[PDB]
Amino acid sequence: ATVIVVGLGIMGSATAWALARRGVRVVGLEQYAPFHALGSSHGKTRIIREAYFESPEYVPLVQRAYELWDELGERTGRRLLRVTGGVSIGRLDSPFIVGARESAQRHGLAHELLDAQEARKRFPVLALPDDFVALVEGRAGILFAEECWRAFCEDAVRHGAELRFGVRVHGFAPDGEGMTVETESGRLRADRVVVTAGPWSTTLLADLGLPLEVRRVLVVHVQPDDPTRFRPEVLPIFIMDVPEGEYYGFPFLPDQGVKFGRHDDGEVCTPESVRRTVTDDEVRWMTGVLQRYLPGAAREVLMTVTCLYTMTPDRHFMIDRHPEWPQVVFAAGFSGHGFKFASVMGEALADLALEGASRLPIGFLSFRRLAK
Ligand SMILES: Cc1cc2nc3c(=O)[nH]c(=O)nc-3n(C[C@H](O)[C@H](O)[C@H](O)COP(=O)(O)OP(=O)(O)OC[C@H]3O[C@@H](n4cnc5c(N)ncnc54)[C@H](O)[C@@H]3O)c2cc1C
Ligand SMILES: [Cl-]
Ligand SMILES: [Cl-]
Ligand SMILES: [Cl-]
Ligand SMILES: [Cl-]
Ligand SMILES: [Cl-]
Ligand SMILES: [Cl-]
Ligand SMILES: [Cl-]
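Residues numbered from 1 in each chain as written, not as in the entry; some residues may be left out. Chains lettered and ligands numbered in written order. Heavy atoms only, no water.

Judging from the entry metadata, X-ray crystallography is the method by which this structure was determined, and 1.4200 Å is the reported resolution.

The protein has the name Sarcosine oxidase in the PDB entry, where Thermomicrobium roseum DSM 5159 is given as its organism. Looking at the protein in UniProt, the text filed under Cofactor (unreviewed entry) is "FAD". (UniProt positions renumbered as here; feature names shortened; annotations may be inferred.)

Any chance you could explain the domain arrangement of the protein here in plain terms?
Many descriptions give the size of an interface as the accessible area lost when the pieces come together. The domain boundaries assigned to the protein delineate domain 1 (1-56 + 145-206 + 318-372) and domain 2 (57-141 + 207-313). When each unit is reduced to the centre of its C-alpha atoms, the spacing between domain 1 and domain 2 is 25 Å. Taken residue by residue, the interface counts 62 residues in domain 1 and 63 residues in domain 2. A buried area of about 5500 Å², summed over both sides, lies between domain 1 and domain 2, and 65% of it is on carbon and sulfur atoms. (Domains from an automatic or database assignment. Contact = heavy atoms within 4.5 Å. Buried area = accessible area lost by both parts, 1.4 Å probe.)

I'm lost on the UniProt feature "domain: FAD dependent oxidoreductase" (unreviewed entry) in the protein in this one. Help?
With numbering aligned to this structure, UniProt lists the feature "domain: FAD dependent oxidoreductase" (unreviewed entry) at residues 3-352. Taken end to end, residues 3-352 comprises 26% helix and 32% strand; its first and last C-alpha atoms sit 12 Å apart. (Helix = DSSP H or I, 4+ residues; strand = E, 2+ residues; numbered from the N terminus.)

Help me understand the sheet that holds strand β21 (residues 328-332), please; the structure alone is not making it clear to me.
Sheet strands pair via backbone hydrogen bonds, and the direction of the pair is either parallel or antiparallel. Here we have six strands laid out as an open sheet, ordered β9-β2-β1-β13-β21-β20, and mixed in their pairing. Two strands in the sheet have a free side with no partner beyond their single neighbour: β9 (162-165) and β20 (318-321). Within the sheet, the average angular offset between the axes of one strand and its neighbour, ignoring direction, is 15°. Taken together, the three bridges between strand β13 (residues 192-195) and β21 define a ladder with parallel strand orientation. Along β21, the bridge assignment pairs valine 193 with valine 328. (Pairing = 2+ DSSP bridges. Axes fitted to C-alpha atoms, helices over the stretch in contact; angles between N-to-C directions.)

Could you clarify how one ought to interpret the pattern of salt bridges in this entry?
Side chains bearing opposite charge may pair, as long as their charged atoms lie close to each other. With the rule as written, the count across this model stands at 26 salt bridges. The partner of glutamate 54 in a salt bridge is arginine 49, with the nearest N and O atoms 2.8 Å apart. A single salt-bridge network, built from bridges that share partners, covers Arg21, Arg64, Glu67, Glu71 and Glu347. (Salt bridge = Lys/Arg side-chain N within 4 Å of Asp/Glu carboxyl O.)

Even after reading the chapter, I still don't get the site of ligand 1, so can you show me in this structure?
Among the 35 residues in the neighbourhood of ligand 1, the closest are listed as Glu30, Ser41, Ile47, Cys307 and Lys340. Here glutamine 31 contributes a side-chain N or O atom positioned 3.0 Å from an oxygen atom of ligand 1. Contact between ligand 1 and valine 169: a nitrogen atom at 2.9 Å from a main-chain N or O atom of the residue. Broken down by secondary-structure element, the contributors of at least two residues to the shell around ligand 1 are α1 (10-21), β2 (25-30), β3 (46-48), β14 (213-223) and β19 (300-311). In terms of residue count, β19 provides more of the shell around ligand 1 than any other element does, three residues in total. Of the residues in the shell around ligand 1, the class split is 19 nonpolar, 12 polar and four charged. Both domains that furnish three or more residues to the shell around ligand 1 are identified here as domain 1 (1-56 + 145-206 + 318-372) and domain 2 (57-141 + 207-313). (Near = heavy atom within 4 Å. Polar contact = N/O pair within 3.5 Å; in protein donor to acceptor, adjacent residues only side chain to side chain. Nonpolar A, V, L, I, M, F, W, Y, C, P; charged D, E, K, R; others polar.)

What is the right way to look at unusual backbone geometry in this model?
Working note: non-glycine residues mostly have negative phi, and peptide bonds are mostly trans. The phi torsion at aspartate 255 lies on the positive side, around 65°, for a residue other than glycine. Mapped onto the fold, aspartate 255 is located in the loop between β16 (245-249) and β17 (258-262). Phi at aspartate 265 is positive, roughly 55°, even though this residue is not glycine. By the element assignment, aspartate 265 lies in the loop between β17 and β18 (267-269).

The structure is reproduced here in C-alpha cells:
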C-alpha cells in the first residue's frame, strides 16, 4: 500500500509513524522546515490529562494515547512523558471541575476534590479565592512535545517512511488507481491520502466547508526568584477557570522557567495574518494573572511565544473520511487540546486510510454531530 500524508505537524508525524509500523510505504509532505514554529505543534512541553473534562468519551482515547506514548518512548529511547499529577482550579460548578469528576466517575479514575483551605495546604504555591475548589488527578503530566515530534519521525523513517519538507501541496484528486497529489513542484501518486493540515485545513480542504476558526494564543515563560517551590514535586501541571479567563501552566523546569498560557479567547486570524509580535500590554496582562494565582512566579520574563489553535463550533475534534472520495481521510479542529491524543489519532487515521473504518471509539468525532 502507499499513502501520502499532507502536513507533518504532530498529527501527520504520528500518522506516518502508525503507517510505517504496519509496513506501509508512506511519503509525508510538509510545506515548511522540520519541527518549525509556524503551526500548532511547536514548543518543548504539552499537558496530558486522563480525567478529561471536555467529555468522558475522550477517556478511552487518551488511555490508548498513553499506551502508544510509552511504546514510542521505548522504541526511540527518547524521554517523552513525566507524570506529575494534575490540578484543576475553579468554582464548584466550573466545567473544569464538573467535567473532570464526571469523566473520573464514569471511568473509575482516582481523583480528589479539595476545598480552598485544603488546596492551599496541599499546594501552597497556589493562591485561590475562598470559594474555589481544586480537583486533583494522578496520571496527568508533561509531554516533552518536541521530543515526541522528533520521535515519530525517527521511528517512521526507521520503518521506511520518506518525509519531504519545503513542499506545499496544492490539491489532490482520484486518478483511477488511487490518488494524485499536486505540489508546487510536481506530482506524486499514492493509493490513499491523509490530510493533517492543522490551521491551514480550510485552504487545502476549502471545498469541504469545514467549520474551523483559527485563533492566536499566547504563552509566557517566567523565572521565579525561588524556583524550587515551583518544581514538579510540589507543583503539578495546572489548569484554571478564573474571572480573568482560562489559563494553564507547568512547574518550573530548567531552560523553560514556569510556562503559563491563556486558553480562551485569542484573536481570530489565519496563518497568514497572525501577529507574531507579543506586545508589552499582552505580557503584563499574563504576568498580572499569573501573579494573582501563583504569587512570586514572575520575577523576570524569559520568553514569549505565539501559537495557533483551530477551533470547531463544539470544541470537539473532527476526524473522518472525505465525503466524496473514500481514498482520502483527514483530521482537523483540535481546538487547543489535541497534542496529547496525537499517538492514537495516528492509529485512527491509519485505520481509516487502510481499512475504511477503525475499532477505536472515534465515532463521536466524525462529521455527524455537526450536520444541520
Ligand atoms: C500554545 C498552545 C498550547 C497547547 N497546549 C496543549 C496541551 O497542553 N495539550 C494538548 O493536548 N494540546 C495542546 N495544544 C494543541 C495542540 O498542540 C494542537 O492541537 C496540535 O498541535 C494540532 O496538530 P496538527 O498537526 O493538527 O497541526 P499543526 O502542527 O499546525 O500541523 C499542520 C502542518 O500541516 C502543514 N501544512 C498545512 N497545509 C499544507 C499543505 N498545503 N502542504 C504541505 N504542508 C501543509 C503545516 O505547515 C503544519 O506543519 C496546544 C496548542 C497551542 C498553540
Ligand atoms: Cl513519569
Ligand atoms: Cl499530585
Ligand atoms: Cl510517482
Ligand atoms: Cl518568592
Ligand atoms: Cl521572547
Ligand atoms: Cl489546535
Ligand atoms: Cl467516504
